[PDB]
Student: 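Below is one structure. I have some questions about it.
The figures here come from the full heavy-atom set of this structure, side chains too, leaving out hydrogens, waters and symmetry mates. Heads up: numbering here begins at 1 and tracks the sequence.
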Amino acid sequence: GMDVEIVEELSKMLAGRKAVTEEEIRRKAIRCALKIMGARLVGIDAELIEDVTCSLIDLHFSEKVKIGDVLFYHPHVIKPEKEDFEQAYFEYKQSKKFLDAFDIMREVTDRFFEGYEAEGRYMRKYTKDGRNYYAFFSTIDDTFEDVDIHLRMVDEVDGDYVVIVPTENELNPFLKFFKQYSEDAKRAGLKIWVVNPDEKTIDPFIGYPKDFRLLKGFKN
């Protein structure tokens, strides 16, 4: 905990912003919850994230402006200009992509880990014969930014820690991570696996399980 401390971390990330979306707040709330709780995130329910997001929308983005099918939120007499909507929109796309992929990722990862027993939503813990895997669901751009969190996470769990991210359309997201952090990831033993939400497949980007019986579950 606490819910208050997560709401304080979220309010640091959004300082100076004139517009946000609920899906952006929701995504960054899961990432702040991780930063503050680490492994204890396996015990967190969706209701913590509901309460955190409603901190910020219902620093305080109280006032609604609808642009097409997207609901933006802004402060009281702070007026969002084009540039603020454009950034809020870039963040909405990023966040919606993760959020749309989220449940398919947990389906594909469960299927990879059968029949390990499974618990958790935002971090998911898989256990079979006293052997544990810990899966955090994110995106590669987030993982890039949150890399210090993930590097420390590998030593904090009794088992293997894996970040599960979706496929991207461009090369740069995965390519810039490789250039900047692949060696740090290897040295720390951080695993990152890639889910195709369309094809319902999973593939390693960085790192492998330590059981040949799981290697069956990868696409290529």
Side-chain angles (χ1 to χ4, degrees), residues 13 20-35 41-42 44 46 49 53 69-70 87-110 112-114 116 118-126 133-151 153-154 157 160-169 171-182 184-186 188-209 214-220:
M13 301 183 76
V20 290
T21 55
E22 187 197 316
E23 29 276 307
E24 184 199 353
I25 297 329
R26 187 174 304 277
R27 154 174 149 261
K28 297 191 173 180
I30 296 156
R31 302 165 54 190
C32 293
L34 172 73
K35 196 205 201 305
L41 199 70
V42 302
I44 287 314
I49 302 302
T53 65
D69 66 323
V70 189
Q87 184 191 11
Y89 184 71
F90 162 78
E91 288 281 11
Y92 163 85
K93 299 282 269 199
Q94 274 213 322
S95 305
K96 228 223 157 193
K97 204 178 160 289
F98 165 79
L99 293 171
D100 290 351
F102 187 81
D103 286 19
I104 290 153
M105 303 204 87
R106 320 209 327 282
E107 170 180 13
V108 169
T109 305
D110 288 2
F112 181 90
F113 281 116
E114 70 202 354
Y116 288 65
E119 54 173 331
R121 155 170 267 260
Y122 299 111
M123 198 180 301
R124 184 149 249 236
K125 179 198 187 164
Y126 302 95
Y133 288 80
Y134 290 80
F136 179 65
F137 307 93
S138 199
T139 65
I140 200 67
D141 285 313
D142 293 347
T143 308
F144 188 98
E145 290 176 54
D146 297 345
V147 72
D148 290 329
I149 306 167
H150 300 304
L151 291 181
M153 274 297 312
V154 32
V157 296
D160 301 83
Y161 179 72
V162 56
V163 180
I164 309 282
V165 309
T167 39
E168 296 290 323
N169 300 323
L171 181 74
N172 208 50
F174 285 103
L175 185 62
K176 63 189 172 64
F177 195 97
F178 185 84
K179 191 188 196 155
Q180 294 302 320
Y181 302 125
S182 76
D184 294 351
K186 288 181 179 142
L190 176 63
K191 301 151 175 35
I192 304 186
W193 304 341
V194 184
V195 166
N196 194 310
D198 306 281
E199 299 202 41
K200 281 185 192 160
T201 55
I202 183 162
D203 216 200
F205 163 41
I206 294 177
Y208 286 89
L214 285 172
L215 295 177
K216 258 167 38 170
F218 295 125
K219 192 283 219 308
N220 185 6

Student: Determine whether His150 and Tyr161 make a side-chain contact, defined as any pair of heavy atoms from C-beta on separated by less than 4.5 Å.
Tutor: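 In short, these two side chains touch, coming nearer than 4.5 Å.
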Student: Please report the shortest heavy-atom distance between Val154 and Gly189, naming the atom on each side.
Tutor: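 Shortest heavy-atom contact: CG2-O, 3.8 Å.
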Student: With side chain to side chain contact (heavy atoms under 4.5 Å, CB included) as the test, would you mind laying out the steps for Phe136 and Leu41 before giving the verdict?
Tutor: CA-CA 9 Å; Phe136 179 65; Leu41 199 70; 3.8 Å; yes
Student: Is any side-chain heavy atom of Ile49 closer than 4.5 Å to one of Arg26?
Tutor: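 When only atoms from C-beta onward are counted, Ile49 and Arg26 do touch, with a gap below 4.5 Å.
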Student: Between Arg31 and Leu34, is any pair of side-chain heavy atoms under 4.5 Å apart?
Tutor: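 No, too far: nothing below the 4.5 Å cut-off.
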Student: Between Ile164 and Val162, is any pair of side-chain heavy atoms under 4.5 Å apart?
Tutor: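 A side-chain contact exists here, since the closest heavy-atom pair is under 4.5 Å.
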Student: Taking the inter-plane angle between the rings of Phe218 and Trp193 on a 0 to 90° scale, is it parallel (under 30°), tilted (30 to 60°) or perpendicular (over 60°)?
Tutor: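 Plane angle over 60°, so perpendicular.
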Student: If the test is side chain to side chain contact (heavy atoms under 4.5 Å, CB included), which one of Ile140, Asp146, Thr143 qualifies with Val163?
Tutor: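 Of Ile140, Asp146, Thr143, side chain to side chain contact (heavy atoms under 4.5 Å, CB included) with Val163 is met by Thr143 alone.
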Student: I'd like to check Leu190 versus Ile206 (side-chain heavy atoms, cut-off strictly below 4.5 Å). Are they in contact?
Tutor: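 Of all side-chain heavy-atom pairs linking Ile206 with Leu190, none is under 4.5 Å.
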Student: Going by side-chain contact (heavy atoms from CB on, under 4.5 Å), name the residues that satisfy it together with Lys186, two or more places apart in sequence or in a different chain.
Tutor: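 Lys186 satisfies side-chain contact (heavy atoms from CB on, under 4.5 Å) with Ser182 only.
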Student: Aromatic ring centroids of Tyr116 and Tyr126 under 6.0 Å?
Tutor: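 Judged by ring-centre distance (under 6.0 Å), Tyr116 and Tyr126 do not meet the cut-off.
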Student: How about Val165 and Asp142: do any of their side-chain heavy atoms sit closer than 4.5 Å?
Tutor: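 No; the side chains remain at least 4.5 Å from each other.
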Student: Can you confirm whether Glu24 sits close enough to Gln94 that some side-chain heavy atom of one is under 4.5 Å from a side-chain heavy atom of the other?
Tutor: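 The answer is no; the side chains never approach within 4.5 Å.
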Student: So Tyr122 and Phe102, would you call those rings parallel, tilted or perpendicular, with 30° and 60° as cut-offs?
Tutor: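 Tilted.
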Student: Using a 3.5 Å distance criterion without hydrogens, assess whether the side chain of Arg27 forms a donor-acceptor pair with backbone atoms of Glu23.
Tutor: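 No, because the side chain of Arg27 does not come within donor-acceptor range (under 3.5 Å) of the backbone of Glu23.
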Student: Nearest 0.5 Å, what's the CZ-CZ distance between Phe113 and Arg124?
Tutor: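 Separation between the atoms: 11.0 Å.
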Student: May I have the step-by-step check of side chain to side chain contact (heavy atoms under 4.5 Å, CB included) for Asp141 and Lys176, ending in yes or no?
Tutor: CA-CA 9 Å; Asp141 285 313; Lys176 63 189 172 64; 2.8 Å; yes
Student: Measure the CD-CG distance between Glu168 and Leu175 for me, rounded to the nearest 0.5 Å.
Tutor: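 Taking CD in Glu168 and CG in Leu175, the distance rounds to 12.5 Å.
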Student: Partners of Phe144 by ring-ring contact (aromatic ring centres under 6.0 Å, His included), sequence neighbours excluded?
Tutor: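 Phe144 satisfies ring-ring contact (aromatic ring centres under 6.0 Å, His included) with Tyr181 only.
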Student: Shortest non-hydrogen contact from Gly207 to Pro204?
Tutor: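 Answer, listing the atom of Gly207 first, then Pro204: O-CB, 3.5 Å.
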Student: Holding to side-chain contact (heavy atoms from CB on, under 4.5 Å), I want the full list of residues that pass it with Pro166, two or more places apart in sequence or in another chain.
Tutor: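 Partners of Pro166 under the side-chain contact (heavy atoms from CB on, under 4.5 Å) test: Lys97, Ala101, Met105, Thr139.
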Student: How long is the gap from CE on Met13 to NZ on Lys35, to the nearest 0.5 Å?
Tutor: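 Going from CE on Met13 over to NZ on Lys35, the span is 10.0 Å.
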Student: Do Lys200 and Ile104 have side-chain heavy atoms sitting under 4.5 Å apart?
Tutor: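 Yes, at least one pair of side-chain atoms sits under 4.5 Å.
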Student: Check the pair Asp184 / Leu151 against side chain to side chain contact (heavy atoms under 4.5 Å, CB included), numbers first and verdict last.
Tutor: CA-CA 8 Å; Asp184 294 351; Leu151 291 181; 4.3 Å; yes
Student: What are the two closest non-hydrogen atoms of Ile202 and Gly217, and how far apart are they?
Tutor: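 It is CG2-O, 3.5 Å.
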Student: Measure the OG-CD distance between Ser95 and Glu22 for me, rounded to the nearest 0.5 Å.
Tutor: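 That separation rounds to 11.0 Å.
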Student: Can you tell me how far CZ of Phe98 sits from CZ of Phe137, rounded to the nearest 0.5 angstrom?
Tutor: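 Taking CZ in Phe137 and CZ in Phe98, the distance rounds to 8.5 Å.
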